């Protein structure tokens, strides 16, 4: 229940390294087990903590448990599930990040939809914030995961000018709704993303922190380089050129947010999918996490529980599939 006097820069260093409980509560289905992961237990989270991860990101997709508007009431039972998992992490002395994840179907960033979306978001973030209001500063809110216009040609290229405008407004309404509930929520750290959590120059240039709020942290995701990390079109990593380009991606993030804007940055998702390339994945993970540490950025590995993809921890056995990667990330 305690709130410290701690600037975002120092707070993000104290966050250490993080791990995502991916494809669990973020699962796009009313049943959170539908994407192949079991109901999350304390024993799973205990292992994450023991490995040395200081932050748990707890992504949550709310769509299937929001009732009809005008109220848009969140099922109390669904909040109970989120709350229990959060406590598994807080008990382990970990930071916990709770977000709005695969909810883009009702978070459409167009001027036409803005008032409707703002209204629903406002009511939803009000209810999430109210439920977690008494918690201390180890609990962090992240307003929107990768807010964007699904299906459009600019979805993954920093959006349109209109897209970026509406996303800043959606963050505005979400931050205000959280702050307005008062208590610890007046001062709680809040992670605010760029459009789609993109690092493209256009997304960076139109980024706005709501109210210049001094307790807002920047959220970007950078699966760099995407050919290796996401597409599987490249399975090799480690040449000078690989290293130089990654450093240049992280320098662009530092120069803009940290140096020029005096903000802290959480890389709330990154990692590489498995492509029969364990040596390269390890080298990439070690290098990426070290480069983030050098720049004061908190790196949070994306784990979807599937060993053939992003899974480095076996949730069923509680053994690490790729403990080397884990050990490299938390160094």
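Numbering follows the first chain given and starts at 1.
As the entry records it, the average C-alpha temperature factor is higher for 147-155, out of 147-155 and 236-244. For the two regions 317-325 and 13-21, the entry's Cα B-factors average higher over 317-325. The entry assigns its greatest Cα B factor, within the set 61, 269, 262, 33, to 262. When the Cα B-factors of 100, 79, 108, 220 are read from the PDB record, 108 comes out highest. Compared with the other modelled residues of the chain, the Cα B-factor recorded for residue 258 ranks in the middle third. Ranked by Cα temperature factor within the chain, residue 277 sits in the highest third according to the deposited record. For residue 43, the recorded CA temperature factor ranks within the highest third of the chain's modelled residues. In this PDB entry, the Cα temperature factor of residue 226 sits in the middle third of its chain's modelled residues. When the modelled residues of the chain are ordered by C-alpha B-factor, residue 104 sits in the highest third.
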